[PDB]
Each structure stands twice: as structure tokens, then as C-alpha cells.
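**Student:** Next up is a structure, given as C-alpha cells.
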Amino acid sequence: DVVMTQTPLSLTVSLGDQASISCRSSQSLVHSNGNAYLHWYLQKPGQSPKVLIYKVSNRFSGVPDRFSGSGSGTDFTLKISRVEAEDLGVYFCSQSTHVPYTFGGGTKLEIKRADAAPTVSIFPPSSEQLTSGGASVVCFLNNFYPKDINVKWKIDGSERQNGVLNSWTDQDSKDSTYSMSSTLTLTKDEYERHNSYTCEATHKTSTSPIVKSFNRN
Amino acid sequence: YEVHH
Amino acid sequence: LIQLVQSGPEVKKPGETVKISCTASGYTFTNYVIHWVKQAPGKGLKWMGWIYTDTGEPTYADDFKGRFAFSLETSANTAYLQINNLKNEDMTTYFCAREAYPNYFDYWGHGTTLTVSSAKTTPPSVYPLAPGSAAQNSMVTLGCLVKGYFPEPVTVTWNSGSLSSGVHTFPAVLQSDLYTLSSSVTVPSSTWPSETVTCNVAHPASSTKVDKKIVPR
């Protein structure tokens, strides 16, 4: 198969700035008819991919002029001038010169926004869950930027690792932030062994952990 | 179709 | 307006057969080639093959020759993908795509998600997430814990759809063959608990709908 290698895997661009994505093919994409059937698609979170550029440099109908493709042979570039928030998601290069048709691995475009500290909320288990013999302690780390964050659970001062499940949102189309949930699931008996439950966030926006805690008692 | 088809 | 529409989410046991549909509207169906594209792991794309809508002749990528079959109902403007003897690795999203005459994909289906699992349909347990009673702030964050369901999806709304600002719902995490997610809503603290906040959870597969008021502890 013709292997399509994209670089970088991710890039962070400020609004109004220019993004540049590289695609290298394992064989020339120059068809016997002299054209290169190298295309660019954008896939937004939860959506199907949509074509931006076909045959190296042709803009699909309704694609803004700030998207431009160039290159020849094995080396191609997509340039996105004047980046806008709704540009975020995963860009794919694809070739159809050769069968099978192939895709690059994707490049994630992240919008740079101002640093935003996570809003941390901790929730004790509900009375309804506890009757079931289960105890889920839920921590939201909401609307933060940049993306990198670390969550730590502490129970009466001791770090807890087992029974923690994390879930991350994609970058938000409206405010360019990320959100994360962290859920510690114990038995009701395990939960009632301890008093003080702490969700600690480590983020660029603070030299100290950003903490929310509660006492069972 | 330009190619294949 | 040209559209490709696909059949709804599928949930199968290993070794079973599934047949997904792709219905085209707004153009002469038999004048364009239909392709099938799999969402590869790490949210890559993988070309499966094409089918000529005028002759019904399919062309498969090597990895899809064994268990995969493309078919047409041209009088219904419909292309089918049949997968036999389902495997765990078949569990992903499948897109159909129309091929433009310059040999790029111009219109895509929204995708069909295929779950491959031995699990039984299980309605979620829906738990309110209210802050620890002891704490007091300008905004308050509330939540809805949607625990132990199968299969995907659930639909989570707040106040029957009337609360949409300041909501996000985390992707489900799969533990012991069951899904769990939480949904976060943020409202002015002056409005809670005076203005009731209700999470609305629908699980189509188990025909369940639950309203859970978030009552202060």
C-alpha cells in the first residue's frame, strides 16, 4: 500500500495565525496522466470527514481561500492562513492515484486561547448509589486551557490510584477549552472506612494543586 | 471520472 | 442538496452478521461510485473498497476481501455493507462516501457505529451529583452520574432541553462490559436550589427514560 506520513501529529495555532501540515507518500502520487490525486480532509469531533483540497491545490466548493495546498511527487503541504476556531479537529491527507486509496494518520489542530484554570467540583456518592452497595466519588475539571493536566485522588492524606477512571472532552468549538471527569469507584464499605476525600488538579495556571475536598462526616 | 473508473 | 444517510447504531455479538445501509439523495445514484471507509484505531481512516452503482461490481481492499460484502438496491438509491462472522476488531464507525469525478470523496455519510460485545442490554442507574452539604460562590456546578449501562448511546439533557448553556457530557468509559458517563451543568448559584435542576436520561436500547432532580444534600 502507499504509506502516507503526516507531520506534525498535533499543532497549536493562535486565531488569525497560519498552520502548515506536511504529508509524505511512500511512492510518487504523480499518476500516469501527470496529475497527483492528493487530497486534504478535515474531520471535526463526532462528524464525518469533509474535503477541503483535492488534486494538491484545488479548493472544494465553499472552502475559504485561506486553505491552500501545494507540493509534487512525494511531498505535499496544506497551509491554513488566518486560522479560525472552527478550523479545529483532525486533518487527513489522502491519495487516490494508487489502489488501494490510503490516508495519512491525521494531524490534530488545537486552537491557542488564553490560559484558563480548571473549575474543580467534587461530588460525594449519592444516597441512592450507597443503598446499592457502591460509592462513586466524581470530580469535574471544567473549561481549562492548555490541555495538559494531572488529577490525583487522596483519601485521608493517602494517594489512591486503583478504581479511578478518567474521561476527556475534545477541545470545545465555542470557548477553545478542555474538560475532564475523574471518577473514583469504591464499595460502600471501602468509602465508609475513610473521612476526607480530595480531588487535586495540577495545571499550568497554578504552582499549587487546585483542590476540592469534602468530609464524609 | 479521471482515473480508475 | 446532496445527502448520504446511514442506518443507525448496531450492537452485535461476536460471530454474528450485520448489514449497514447508505442511502443517497439529490443526484442520479447510478452516475457516482460509492466507497466504504472504516474509522481506524487512534481515530485514523482506512479505505475498505468501492462499488460501481451502474454495474454493482465491488472492489475490496485486501484486508476486507474475506468477511465483507458490498451490495446495492439501486431503485432505493441504497448501498449496503455486510460484515459476516463479526470480530472484536470490527467494533468501530463505518462511513460511506461518494467519489467526485476528480477522484476525491465529496459527500460522506454521518457514519454507523458497530458495537461487538457479549453484554446484555442493561439500563443505566442515574445518580444526582450535588455538592457536599458543608460548602457554600457566583456559579454552582451540578452533575448527573449515568452508571452501568449497555449498549451506547444514552441521551442526557438538563431541564428537558431548556438548560443547554454551561453543559457538557463526558464520553462514556467501558469497565466490565458496562458503560458509565457523567454530565456537568453550571448555573448561577442564586438560582439553586430555588430553580429546580433536573437531568433527563434516555437509554433507547432498554426503552428507559429517567428524570432525576438535583436536590441539595
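Chains: A, B, ... in order of the C-alpha cells. Residues: from 1 per chain. Ligands: from 1, in order shown.
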How close does chain B get to chain A? List, as a Markdown table, each residue of chain B within 9 Å, its nearest atom pair and the distance in Å to one decimal, counting only C-alpha atoms.
**Tutor:**
```
| residue | atom | partner | partner_atom | distance |
| --- | --- | --- | --- | --- |
| B:2 | CA | A:33 | CA | 8.8 |
| B:3 | CA | A:97 | CA | 7.6 |
| B:4 | CA | A:99 | CA | 8.5 |
```
**Student:** Within 8 Å of region 10-23 of chain A, counting only C-alpha atoms, which residues show up once you throw out same-chain ones fewer than 5 positions away? Write them as number ranges by chain, please.
**Tutor:** A: 4-5, 75-85, 93, 104, 107-113
**Student:** CA of residue 156 (chain C) and CA of residue 86 (chain A), how far apart in Å?
**Tutor:**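 Atom-to-atom, CA of residue 86 (chain A) to CA of residue 156 (chain C), that is 24.5 Å.
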**Student:** Which residues are near residue 133 (chain A)? Cut-off 10 Å, only C-alpha atoms, ignore same chain within fewer than 3 positions. Put them as a PDB file with N, CA and C atoms, in the first residue's frame.
**Tutor:**
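The resulting file, selection.pdb, is shown below:
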```pdb
ATOM      1  N   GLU A 128     -28.656   7.413  46.953  1.00  0.00           N
ATOM      2  CA  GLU A 128     -29.285   6.381  46.083  1.00  0.00           C
ATOM      3  C   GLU A 128     -28.225   5.340  45.709  1.00  0.00           C
ATOM      4  N   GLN A 129     -27.019   5.774  45.340  1.00  0.00           N
ATOM      5  CA  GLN A 129     -25.963   4.804  44.957  1.00  0.00           C
ATOM      6  C   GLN A 129     -25.569   3.965  46.179  1.00  0.00           C
ATOM      7  N   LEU A 130     -25.421   4.597  47.346  1.00  0.00           N
ATOM      8  CA  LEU A 130     -24.877   3.929  48.559  1.00  0.00           C
ATOM      9  C   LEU A 130     -25.756   2.739  48.960  1.00  0.00           C
ATOM     10  N   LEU A 186     -15.530   3.010  44.644  1.00  0.00           N
ATOM     11  CA  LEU A 186     -15.235   2.152  45.819  1.00  0.00           C
ATOM     12  C   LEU A 186     -16.477   1.308  46.106  1.00  0.00           C
ATOM     13  N   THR A 187     -16.333   0.306  46.971  1.00  0.00           N
ATOM     14  CA  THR A 187     -17.501  -0.315  47.647  1.00  0.00           C
ATOM     15  C   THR A 187     -18.010   0.669  48.701  1.00  0.00           C
ATOM     16  N   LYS A 188     -19.281   0.557  49.086  1.00  0.00           N
ATOM     17  CA  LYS A 188     -19.800   1.399  50.192  1.00  0.00           C
ATOM     18  C   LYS A 188     -18.928   1.167  51.432  1.00  0.00           C
ATOM     19  N   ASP A 189     -18.503  -0.072  51.687  1.00  0.00           N
ATOM     20  CA  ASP A 189     -17.715  -0.360  52.915  1.00  0.00           C
ATOM     21  C   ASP A 189     -16.354   0.340  52.822  1.00  0.00           C
ATOM     22  N   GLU A 190     -15.715   0.316  51.648  1.00  0.00           N
ATOM     23  CA  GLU A 190     -14.393   0.966  51.429  1.00  0.00           C
ATOM     24  C   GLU A 190     -14.560   2.472  51.656  1.00  0.00           C
ATOM     25  N   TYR A 191     -15.630   3.046  51.102  1.00  0.00           N
ATOM     26  CA  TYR A 191     -15.908   4.504  51.187  1.00  0.00           C
ATOM     27  C   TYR A 191     -16.086   4.907  52.655  1.00  0.00           C
TER      28      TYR A 191
END
```
**Student:** What are the residues of chain A lining chain C at 7 Å or less? Count only C-alpha atoms, and put the answer as a PDB file with N, CA, C and O atoms, in the first residue's frame.
**Tutor:**
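Below is the file that was written, selection_10.pdb:
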```
ATOM      1  N   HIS A  39      -5.326  14.637  -1.691  1.00  0.00           N
ATOM      2  CA  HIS A  39      -6.456  15.452  -1.181  1.00  0.00           C
ATOM      3  C   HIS A  39      -6.280  15.659   0.322  1.00  0.00           C
ATOM      4  O   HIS A  39      -5.606  14.845   0.980  1.00  0.00           O
ATOM      5  N   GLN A  47     -17.998  14.068  13.838  1.00  0.00           N
ATOM      6  CA  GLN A  47     -18.520  14.274  12.461  1.00  0.00           C
ATOM      7  C   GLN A  47     -17.788  13.345  11.488  1.00  0.00           C
ATOM      8  O   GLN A  47     -16.693  12.852  11.825  1.00  0.00           O
ATOM      9  N   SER A  48     -18.331  13.210  10.277  1.00  0.00           N
ATOM     10  CA  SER A  48     -17.612  12.598   9.131  1.00  0.00           C
ATOM     11  C   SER A  48     -16.585  13.579   8.575  1.00  0.00           C
ATOM     12  O   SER A  48     -16.730  14.796   8.676  1.00  0.00           O
ATOM     13  N   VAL A  51     -14.030  17.200   2.624  1.00  0.00           N
ATOM     14  CA  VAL A  51     -12.905  17.582   1.727  1.00  0.00           C
ATOM     15  C   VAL A  51     -12.712  19.099   1.798  1.00  0.00           C
ATOM     16  O   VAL A  51     -13.710  19.859   1.785  1.00  0.00           O
ATOM     17  N   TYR A  54      -8.524  19.139  -3.188  1.00  0.00           N
ATOM     18  CA  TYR A  54      -8.346  17.902  -3.987  1.00  0.00           C
ATOM     19  C   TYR A  54      -7.320  18.168  -5.091  1.00  0.00           C
ATOM     20  O   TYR A  54      -7.120  19.332  -5.501  1.00  0.00           O
ATOM     21  N   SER A  96      -5.459   8.988  -4.018  1.00  0.00           N
ATOM     22  CA  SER A  96      -6.269   8.075  -4.861  1.00  0.00           C
ATOM     23  C   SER A  96      -5.593   7.886  -6.218  1.00  0.00           C
ATOM     24  O   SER A  96      -6.273   7.434  -7.157  1.00  0.00           O
ATOM     25  N   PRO A 100      -4.721   0.267  -3.334  1.00  0.00           N
ATOM     26  CA  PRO A 100      -5.809   0.881  -2.572  1.00  0.00           C
ATOM     27  C   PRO A 100      -5.618   2.382  -2.323  1.00  0.00           C
ATOM     28  O   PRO A 100      -4.505   2.813  -2.055  1.00  0.00           O
ATOM     29  N   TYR A 101      -6.733   3.109  -2.190  1.00  0.00           N
ATOM     30  CA  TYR A 101      -6.706   4.503  -1.679  1.00  0.00           C
ATOM     31  C   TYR A 101      -6.201   4.458  -0.235  1.00  0.00           C
ATOM     32  O   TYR A 101      -6.548   3.523   0.509  1.00  0.00           O
ATOM     33  N   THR A 102      -5.402   5.445   0.172  1.00  0.00           N
ATOM     34  CA  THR A 102      -4.831   5.454   1.539  1.00  0.00           C
ATOM     35  C   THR A 102      -4.982   6.838   2.167  1.00  0.00           C
ATOM     36  O   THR A 102      -5.080   7.840   1.437  1.00  0.00           O
ATOM     37  N   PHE A 103      -4.894   6.855   3.495  1.00  0.00           N
ATOM     38  CA  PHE A 103      -4.970   8.079   4.327  1.00  0.00           C
ATOM     39  C   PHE A 103      -3.707   8.217   5.180  1.00  0.00           C
ATOM     40  O   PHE A 103      -3.177   7.207   5.688  1.00  0.00           O
ATOM     41  N   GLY A 105      -2.116   9.533   8.876  1.00  0.00           N
ATOM     42  CA  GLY A 105      -2.538   9.195  10.248  1.00  0.00           C
ATOM     43  C   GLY A 105      -3.329  10.313  10.901  1.00  0.00           C
ATOM     44  O   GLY A 105      -3.843  10.093  12.010  1.00  0.00           O
ATOM     45  N   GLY A 106      -3.386  11.492  10.273  1.00  0.00           N
ATOM     46  CA  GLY A 106      -4.094  12.652  10.845  1.00  0.00           C
ATOM     47  C   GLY A 106      -3.152  13.591  11.572  1.00  0.00           C
ATOM     48  O   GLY A 106      -2.148  13.122  12.157  1.00  0.00           O
ATOM     49  N   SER A 121     -14.834  20.664  40.720  1.00  0.00           N
ATOM     50  CA  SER A 121     -16.011  20.323  41.556  1.00  0.00           C
ATOM     51  C   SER A 121     -15.892  18.858  41.969  1.00  0.00           C
ATOM     52  O   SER A 121     -15.666  18.016  41.079  1.00  0.00           O
ATOM     53  N   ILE A 122     -16.039  18.583  43.266  1.00  0.00           N
ATOM     54  CA  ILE A 122     -16.070  17.193  43.798  1.00  0.00           C
ATOM     55  C   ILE A 122     -17.480  16.917  44.322  1.00  0.00           C
ATOM     56  O   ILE A 122     -18.101  17.812  44.924  1.00  0.00           O
ATOM     57  N   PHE A 123     -17.952  15.697  44.078  1.00  0.00           N
ATOM     58  CA  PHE A 123     -19.306  15.230  44.465  1.00  0.00           C
ATOM     59  C   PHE A 123     -19.194  13.926  45.244  1.00  0.00           C
ATOM     60  O   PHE A 123     -18.605  12.960  44.764  1.00  0.00           O
ATOM     61  N   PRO A 124     -19.700  13.897  46.495  1.00  0.00           N
ATOM     62  CA  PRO A 124     -19.778  12.651  47.253  1.00  0.00           C
ATOM     63  C   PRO A 124     -20.695  11.675  46.524  1.00  0.00           C
ATOM     64  O   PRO A 124     -21.535  12.084  45.721  1.00  0.00           O
ATOM     65  N   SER A 126     -24.022   9.668  45.917  1.00  0.00           N
ATOM     66  CA  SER A 126     -25.454   9.903  46.232  1.00  0.00           C
ATOM     67  C   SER A 126     -25.923   8.864  47.255  1.00  0.00           C
ATOM     68  O   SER A 126     -25.397   7.731  47.257  1.00  0.00           O
ATOM     69  N   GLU A 128     -28.656   7.413  46.953  1.00  0.00           N
ATOM     70  CA  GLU A 128     -29.285   6.381  46.083  1.00  0.00           C
ATOM     71  C   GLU A 128     -28.225   5.340  45.709  1.00  0.00           C
ATOM     72  O   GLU A 128     -28.521   4.131  45.754  1.00  0.00           O
ATOM     73  N   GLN A 129     -27.019   5.774  45.340  1.00  0.00           N
ATOM     74  CA  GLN A 129     -25.963   4.804  44.957  1.00  0.00           C
ATOM     75  C   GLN A 129     -25.569   3.965  46.179  1.00  0.00           C
ATOM     76  O   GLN A 129     -25.281   2.763  46.003  1.00  0.00           O
ATOM     77  N   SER A 167     -12.208  10.597  31.955  1.00  0.00           N
ATOM     78  CA  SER A 167     -12.807  10.859  30.622  1.00  0.00           C
ATOM     79  C   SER A 167     -12.530  12.312  30.230  1.00  0.00           C
ATOM     80  O   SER A 167     -12.620  13.201  31.095  1.00  0.00           O
ATOM     81  N   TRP A 168     -12.080  12.512  28.993  1.00  0.00           N
ATOM     82  CA  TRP A 168     -11.654  13.844  28.486  1.00  0.00           C
ATOM     83  C   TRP A 168     -12.639  14.268  27.397  1.00  0.00           C
ATOM     84  O   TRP A 168     -12.940  13.437  26.519  1.00  0.00           O
ATOM     85  N   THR A 169     -12.997  15.551  27.356  1.00  0.00           N
ATOM     86  CA  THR A 169     -13.719  16.106  26.182  1.00  0.00           C
ATOM     87  C   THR A 169     -12.688  16.468  25.110  1.00  0.00           C
ATOM     88  O   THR A 169     -11.501  16.657  25.448  1.00  0.00           O
ATOM     89  N   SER A 181     -13.424  14.555  33.385  1.00  0.00           N
ATOM     90  CA  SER A 181     -14.030  13.958  34.601  1.00  0.00           C
ATOM     91  C   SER A 181     -13.078  12.895  35.153  1.00  0.00           C
ATOM     92  O   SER A 181     -12.373  12.201  34.385  1.00  0.00           O
ATOM     93  N   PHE A 214     -14.030  17.025  50.507  1.00  0.00           N
ATOM     94  CA  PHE A 214     -15.182  17.001  51.438  1.00  0.00           C
ATOM     95  C   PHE A 214     -14.871  15.953  52.503  1.00  0.00           C
ATOM     96  O   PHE A 214     -13.973  15.107  52.288  1.00  0.00           O
TER      97      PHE A 214
END
```
**Student:** Counting only C-alpha atoms, figure out which residue out of C:101, C:75, C:1, C:66 gets nearest to chain B.
**Tutor:** C:101
**Student:** List every residue of region 88-162 of chain C that DSSP, applied to the backbone, labels as strand (DSSP E or B), and write the result as a ChimeraX atom specification.
**Tutor:** /C:92-99,105-108,112-116,122,125-129,139-150,155-158
**Student:** Smallest atom-to-atom distance to chain B: which of C:185, C:51, C:163, C:11, using only C-alpha atoms?
**Tutor:**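 Smallest separation from chain B among the options: C:51.
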**Student:** Please identify all polymer residues within 9 Å of residue 5 (chain B), counting only C-alpha atoms, omitting same-chain residues fewer than 4 positions from it, and present them as an mmCIF file with N, CA and C atoms, in the first residue's frame.
**Tutor:**
```cif
data_model
loop_
_atom_site.group_PDB
_atom_site.id
_atom_site.type_symbol
_atom_site.label_atom_id
_atom_site.label_comp_id
_atom_site.auth_asym_id
_atom_site.auth_seq_id
_atom_site.Cartn_x
_atom_site.Cartn_y
_atom_site.Cartn_z
ATOM 1 N N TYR B 1 -15.164 10.437 -14.483
ATOM 2 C CA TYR B 1 -14.055 10.012 -13.572
ATOM 3 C C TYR B 1 -12.719 10.118 -14.307
ATOM 4 N N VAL C 33 -19.678 6.517 -7.994
ATOM 5 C CA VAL C 33 -19.117 5.348 -7.261
ATOM 6 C C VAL C 33 -19.275 5.594 -5.759
ATOM 7 N N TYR C 52 -19.306 -0.022 -7.926
ATOM 8 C CA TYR C 52 -19.887 0.653 -9.113
ATOM 9 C C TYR C 52 -21.412 0.561 -9.014
#
```
**Student:** What separation in Å, quoted to one decimal, exists between CA of residue 154 (chain A) and CA of residue 203 (chain A)?
**Tutor:** 17.2 Å
